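In: Here's my sequence, what's the structure:
(chains A, B, C, D and E, ligands or ions: 7)
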Amino acid sequence: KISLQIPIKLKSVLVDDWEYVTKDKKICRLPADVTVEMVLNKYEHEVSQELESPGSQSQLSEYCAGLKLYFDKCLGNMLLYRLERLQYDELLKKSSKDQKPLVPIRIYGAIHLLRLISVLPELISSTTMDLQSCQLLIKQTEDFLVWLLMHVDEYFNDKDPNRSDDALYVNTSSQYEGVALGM
Amino acid sequence: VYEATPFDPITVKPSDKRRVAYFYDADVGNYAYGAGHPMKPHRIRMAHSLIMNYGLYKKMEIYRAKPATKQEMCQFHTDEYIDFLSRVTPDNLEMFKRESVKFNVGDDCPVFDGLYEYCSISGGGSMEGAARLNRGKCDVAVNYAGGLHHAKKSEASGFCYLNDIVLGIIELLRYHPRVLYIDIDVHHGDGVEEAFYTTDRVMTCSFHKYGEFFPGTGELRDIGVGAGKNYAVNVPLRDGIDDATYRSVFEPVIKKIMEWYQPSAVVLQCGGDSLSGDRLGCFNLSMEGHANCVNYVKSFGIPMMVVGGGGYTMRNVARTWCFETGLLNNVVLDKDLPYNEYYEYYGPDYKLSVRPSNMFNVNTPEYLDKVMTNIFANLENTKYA
Amino acid sequence: XXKXX
Amino acid sequence: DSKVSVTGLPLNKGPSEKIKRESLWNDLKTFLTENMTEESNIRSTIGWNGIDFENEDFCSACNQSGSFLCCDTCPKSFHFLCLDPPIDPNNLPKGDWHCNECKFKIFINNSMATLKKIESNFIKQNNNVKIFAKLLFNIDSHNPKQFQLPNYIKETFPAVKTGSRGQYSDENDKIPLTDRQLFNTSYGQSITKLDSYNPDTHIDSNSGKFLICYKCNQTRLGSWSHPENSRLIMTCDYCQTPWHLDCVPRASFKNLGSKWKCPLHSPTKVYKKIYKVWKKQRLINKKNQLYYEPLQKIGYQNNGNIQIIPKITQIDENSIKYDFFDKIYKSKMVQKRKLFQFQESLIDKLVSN
Amino acid sequence: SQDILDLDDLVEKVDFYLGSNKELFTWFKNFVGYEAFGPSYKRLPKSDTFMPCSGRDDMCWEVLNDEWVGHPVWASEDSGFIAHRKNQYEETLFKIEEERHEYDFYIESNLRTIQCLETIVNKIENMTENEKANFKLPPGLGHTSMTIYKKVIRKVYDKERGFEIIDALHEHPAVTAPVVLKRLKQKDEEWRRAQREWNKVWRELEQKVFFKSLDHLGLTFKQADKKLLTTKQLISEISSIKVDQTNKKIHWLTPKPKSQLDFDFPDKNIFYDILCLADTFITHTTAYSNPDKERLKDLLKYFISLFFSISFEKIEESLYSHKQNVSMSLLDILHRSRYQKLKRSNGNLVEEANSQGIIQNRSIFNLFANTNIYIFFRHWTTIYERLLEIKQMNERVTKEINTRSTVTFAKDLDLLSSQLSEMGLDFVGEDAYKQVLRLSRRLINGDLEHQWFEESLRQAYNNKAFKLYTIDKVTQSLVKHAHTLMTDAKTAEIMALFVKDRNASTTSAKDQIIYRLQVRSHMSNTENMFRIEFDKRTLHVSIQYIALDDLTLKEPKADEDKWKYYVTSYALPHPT
Ligand SMILES: [K+]
Ligand SMILES: [K+]
Ligand SMILES: [Zn+2]
Ligand SMILES: [Zn+2]
Ligand SMILES: [Zn+2]
Ligand SMILES: [Zn+2]
Ligand SMILES: [Zn+2]
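Out: Numbering: from 1, shown residues only, chains lettered A, B, ... in the order given. Ligands and ions are numbered 1, 2, ... in the order given. Shown next is the structure:
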């Protein structure tokens, strides 16, 4: 079995997100203002100047590229609640209409990256990796988590969709809830 | 600021003689929602028979408004919802399983037969009724097939598929600056309050039962947003309210509204599920405690538009509507019913009266004090019409 | 919920 | 025509003897209308023209009920939006629909030596991200799922419980009503709305004395030779303080949705309107909630997340007293000197004329 | 204090803590220096408010609302909407109306299409074979509706054949209109005959349950009246009033509230009514022997003659005028040996406090009682208040019932139920109160069923006179308590003290204290005590619950009276 340590502030962020998409009937505002690509690019471009040895930089770049590929391939499969699959279908439709394939890393924000991170240990323990490689992945993810906790005040604000504007969440109508959940 | 009052009988005003117009389509009664659903357009037929056997046809003009078109319906609702309503039928329903869940038209509101035609009759009657009030050419306009105050812009709720009160008020707004809409159903008029929630040209005022009751909207603190703040009045009450209590709550609020808002036209939704012995309501009004509201709204003397509504027992609603129309024509009708086609529904007394129960009334004077004080404090900010 | 049927 | 209607029998049939036994003791003027109605089309808009197994009864992904697209090989069934990618319910491809797992099996021909082959080649190709190689290979063998937080995340907060269908609940859910299945049966007209019987709703259940409303300081039990003097006492769900329905201007008994909360709890969310948000955390129990007792008392700020003793800051009534008095005193004197300086500036500006 | 809460929000919160204290809340106000605001609506983004909505002009976008949304699934918190109860007889009425509506719907639709087919047939026969061969009907048959005749013909004609017959009617009506008209005719007459045969049974069933459906408080009264008319409830009421008085007079600014209960008896004949009812019950019942019967009768008679100071001669003349139309002291009975022999013979401080304030021609009398006497008196007041309610409705209800405008058009057609009348239970122009009393006497005698008594009392008055359904059980309990007041020894001694004091013509505070000590001598130190005070000039009664350390008289308002009373109580060696 594998174990990952997540700061309790990000755990409360995840529980808040679970409360919203569930009995508050909110979805996320897409396309996000800060997407997964932007977060990972800023992280890598800020950390690559930190340590000098080339091996650290190679490992960092490989981890970021793999995280991008894996989020792309995993988002629709396992990372969406049941209310948010109608949104996924509408995005897929309006993408296929414009002859362009959907690329989820340029649309979805940091809360879905946090979902992927939190669910990573079970996906790791379900494969047949080494043990050195599992612990290397867990180390890289814990470093990313502490970096992200340092910036948590920049990506995870609370702004009340019902009050002013431009919060990270939006309210759903009864037609969306009728076709999404009760269909 | 509530104070208890008795209930003195109804005496018509001899000065206020109004040229009433009555809208009835002889086809509306033949469309039945289902076997055992509590909605009957038959109660509109019954009523009419009474109205015709008392001799009330010699007193007013009787019309048959030409029915609404799919593009006068879409003045409020959306094209997709109206297209669904026009196309669906009880046989091809299995082919529309994704719009039956989006638009909510499967089981609480079923698909039965000639649904589009019932909606057309309702909407045409009410838009036409309101259009004759603007052309200078009536004073009251009665249309009992309307009053579907639950339907939303793209959804049906509460046995209502088309919101025709909103179409009528839109038709009224073309000539009148301010319009008032009073709702004395036992439910909340949520569709009419939603459609005009941010505007200061329509003022909605609804007296309803609040609790764990359908539709669960309409608290004392829902007063509007935007430019239409303080222009929405919700009066929530408890079970078993009676005639004297309802009168002492109804008359001061409406007098204050008329003094500060100063509407140019009224729309009174007189649905009769707030009567005694109903299938869904929980109030304890009688016939005269229900027609006193209509008489008081008629007192002020501005263009008026009376529409139907709920009502789950057919005989109570029929008799109350007949009595209300009679007193709109400045007569108090006899209490002995005449021989008509549906004479046997009105047993065992065969009289024009609806009896209350000995149900227990739970609306205390201090609760109504608090409610009316809050309402008047709010209304203080709508004065300069 | 809703209104009866 | 012989088919029974609501009445119990065919329509062209009178009542049976059983019904008439158990139900017994032993020109008009609307002929008109087609003569008086004349159509109205006075409206403004008249210009407008106008192994023979069966599939499961629940979705394999969300584990809920509905209309499923089913798989023939395996007994799985999925909603239409619960697939990857979601399928349009109208334009459904007929022919043989298989899921992801059975398609993977038929692709590898149920041969895992070929699985060795393809996975080795795959890991050789994805040399750029070699850490995520095997992971990137397993994702293609799984039927879709929905997201549910791992249980090592939900159990950090003990006031949080997974609902029936994997929904959020946070101790403010009252409970579902169990003997309100017993309520559909009921005791006759002895209602769950609490009407007609309030002698024993004003009496403390365990101790035996009366529940005294907090605002008016009376238990208006009335007298049940005059039941119009009772006043419908109700107790808060958190502090158990009793209130009359006419004192907290409510007109209902909270029975279904959430717990009713007395006016005597502070906030749990603020909206300062200056606009900013919460000063209240979550309850991180599991005995990882660590407390701090600051060595300075009259200036510490630290949160709105205090705990009052005779990260959570431990504070006492004396420091709260001092902080309140200090804040109001200094705000008083500051606003007074501001008005003083404004008015004296006004006087030198006016005498300047 | 930490700049998270605004000032007016703080004051509004403190209003829920110190609201009822005026001094403290005003001091706080003066020392502290003093968006969806509705719970039902949500704001959608301005990306869901873009739907075609063809017919909307420029004013309909300005006026109508497209952003804020409510719905009865998240206003119910996803689980809600309780419904009203609707007792059984209402359900019986609902099912009758459903059957009625079904029959009327089918009949009326069949005729709406029958008239159209009639006119098209009488127009279609007038042609030569040429036009008949070329004739066809448009979709709608020249009427305003398009679905009525379709529904009718499909219901009548086995929907498959209904479809082929309707499209044949649309194609060539020269041959198919007659047979469809004939079938519609015959099924119309069949359904109508069945409908009248069903209309008889519906009328009688509805005649039995209409009035029973309309009383929601009388169907549950005989079981709510034996649970709520016990001793514990009658004591809990006065206890709660007492604790309310004390707990709220802790608020110093309010004036002192006086004794707990107050009753008034404006009518003096209801006493003879209750005496007649109790006498009927005693003469019927078999629980007591004849000695016990006459002792109970005389006890009740002289108790009501004593407490309310009604002369025995007036009582006898009242029962004279009563019963001719239907065609020593109480202590003599208290220590029953008396009645059996009877009917077998057939310094400066205390002194000047005592000197001024002597009440001569006493009008306010006191009775110190235990629970027995209190419960007996409360049963008496209950019967009195109920009879007084109906006696005050009397004149209006009799004027209503004697002028019932029964239409003979419903008299002849068997449309009115005479089943209540032929047995003599309808209140014909007799008096209403006297008829109620006679019916209750027959019910107590056991010669009238309960169902017919309740039905009479529904129809005659309204569902407003339901409190008389238990008029026999309250009298049962009254006579039982009146027997308790003469079986016990302690209560016998208490009533003897009451007789001796009431017969006395003059008293003072000293004698009141002596009498209270005397009556408390008999009952234990854990017993409750009540003061029942009768004011004769207005016929008023006040009941005061005595906490063992109570001021045995009502609280005065002056220093003089209060302190001189307790310092003259200082004269006796009993504790202060
Ligand atoms: K209403
Ligand atoms: K408004
Ligand atoms: Zn309604
Ligand atoms: Zn599913
Ligand atoms: Zn499969
Ligand atoms: Zn209170
Ligand atoms: Zn509380």
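In: for residue 180, what are its contacts?
Out: Answering for chain A, as no chain was given. Residues touching residue A:180, when contacts are defined by CB atoms under 8 Å, 6 or more residues apart in numbering or on different chains, comprise A:82-86, A:172, D:81. Every C-beta, even on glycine, is put in place using the N, C-alpha and C of the backbone.
In: if you could check chain E rather than the one you did, that'd help
Out: Residue E:180 sits in contact with E:117, E:153, E:157, E:165, E:169, where contact means CB under 8 Å, 6+ apart.
In: Please apply the same query to residue B:228.
Out: Applying CB under 8 Å, 6+ apart to residue B:228 gives the contacts B:196-200.
In: could the contacts of residue A:180 be laid out in TSV, adding neighbour count, secondary structure and distance to ligand 2?
Out: As requested, the contacts of residue A:180 are arranged in TSV below (neighbours: other CB atoms under 10 Å in any protein chain shown; DSSP: H, G, I helix; E, B strand; the rest coil; distance: CB to the ion, whole Å):
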residue	neighbour count	secondary structure	distance to ligand 2
A:82	22	coil	37
A:83	20	coil	32
A:84	21	coil	34
A:85	25	helix	37
A:86	21	helix	32
A:172	26	coil	25
D:81	26	coil	37
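In: Can you say which two of those are spatially most distant?
Out: Longest distance between any two of these is 14.2 Å, between A:172 and D:81; criterion CB to CB.
In: For burial, what's the neighbour tally of residue B:153?
Out: Neighbour count for residue B:153, taken as other CB atoms under 10 Å in any protein chain shown: 19.
In: That should have said residue E:8, apologies.
Out: By other CB under 10 Å, neighbour count at residue E:8 equals 9.
In: Can you list phi and psi of residue E:64 for me?
Out: phi -70, psi 160 (degrees, to the nearest 10).
In: how many other residues sit next to it?
Out: The number of residues near residue E:64, taken as other CB under 10 Å, comes to 22.
In: didn't it look like it was pressed against residue B:196?
Out: Yes. Contact between residue E:64 and residue B:196 holds when scored by CB atoms under 8 Å: they sit 7.3 Å apart.
In: Return every residue with contacts to both of these two.
Out: Common neighbours of residue E:64 and residue B:196 (criterion: CB under 8 Å, 6+ apart): residue B:166.
In: Give me the buried stretch members for stretch E:382-401, please.
Out: The neighbour-count check on stretch E:382-401 (16 or more other CB atoms under 10 Å in any protein chain shown) flags E:382-384, E:386-387, E:390-391, E:393-394, E:397-398, E:401 as buried.
In: could I get these as CSV with secondary structure and distance to chain B?
Out: Converted to CSV, the buried residues of stretch E:382-401 look like this (DSSP: H, G, I helix; E, B strand; the rest coil; distance: CB to the nearest CB, whole Å):
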residue, secondary structure, distance to chain B
E:382, helix, 19
E:383, helix, 20
E:384, helix, 21
E:386, helix, 14
E:387, helix, 18
E:390, helix, 14
E:391, helix, 19
E:393, helix, 13
E:394, helix, 18
E:397, helix, 14
E:398, helix, 19
E:401, helix, 13
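In: Now tabulate those residues in CSV and tack on distance to ligand 3.
Out: What follows is the buried residues of stretch E:382-401, written out as CSV (distance: CB to the ion, whole Å):
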residue, distance to ligand 3
E:382, 41
E:383, 44
E:384, 45
E:386, 38
E:387, 42
E:390, 37
E:391, 42
E:393, 35
E:394, 40
E:397, 35
E:398, 40
E:401, 36
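In: quick one, phi/psi of the residue of the stretch 251-385 of chain B found nearest chain A?
Out: Taking CB to the nearest CB as the measure, the stretch 251-385 of chain B has residue B:378 as its residue closest to chain A, at 21.3 Å. Its backbone dihedrals place residue B:378 at phi -60, psi -60, with angles given as degrees, to the nearest 10.
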